[PDB]
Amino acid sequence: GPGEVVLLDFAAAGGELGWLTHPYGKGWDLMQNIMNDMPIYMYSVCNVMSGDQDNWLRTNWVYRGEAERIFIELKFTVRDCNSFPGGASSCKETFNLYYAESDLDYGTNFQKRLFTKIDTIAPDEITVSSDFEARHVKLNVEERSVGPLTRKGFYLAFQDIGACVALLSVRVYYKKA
């Protein structure tokens, strides 16, 4: 908590960040839930009924400044693949976290091949159908770190390969030296 410098906080931006999605449509999608009387946002993908999924979500460019190592906190839900009818033969229960450093913001020009994998992100708890239908999802929290960073800025990216994932929070920070 103390002495943390926040470089990115998806949940606090209130649906305004509009991150790049590749492909657009049937891949990652910005969603809103307002059942708490307060809106919450998320990037969701659930293309579990067709195979060969390779869906990418890329944050906006992050200015590195003096940060030398970054810490990444994700909060997310994952639905049990058994929740789906049976042609879910390509369904997965993990997704992948990537990053890329660059000296310039490439804007809409997103190139998978420039990104390095940080880790596979797996849930401690999957959300089964009975809990989904009762609006009692299981929110997972995972943390990773990356360094050393040397360039003007960096991207984070999330690759889905056929899981039913809702990404509710992405918080990136570094510690003051």
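Residue indices: 1-based, along the sequence shown. What we label the rigid core is the largest C-alpha set whose atoms superpose within 1.5 Å from one form to the other.
Superposing the other copies on the rigid core and comparing 72-80 to 88-96, farther C-alpha placement in 8 other deposited structures of this protein marks 88-96. Comparing the two stretches 156-164 and 19-27 by root mean square C-alpha distance in 8 other deposited structures of this protein, with all structures fitted on the core, the more displaced one is 19-27. Comparing 87-95 with 67-75, the stretch with the higher mean C-alpha B-factor in the PDB entry is 87-95. Relative to one another, 128-136 and 52-60 have unequal mean CA B-factors, and 128-136 is the one with the higher figure. Each of 141, 30, 35, 46 has a CA temperature factor in the record; the biggest one is found at 35. Compared with the other modelled residues of the chain, the Cα B-factor recorded for residue 121 ranks in the lowest third.
Per the deposited record, the Cα B-factor of residue 110 falls in the highest third when ranked against the other modelled residues of its chain. For residue 170, the recorded CA B-factor ranks within the lowest third of the chain. Only modelled residues enter the ranking.
In the PDB entry, residue 149 places in the highest third of its chain by CA B-factor. Residue 156 sits in the lowest third of its chain by CA B factor, as recorded in the PDB entry.
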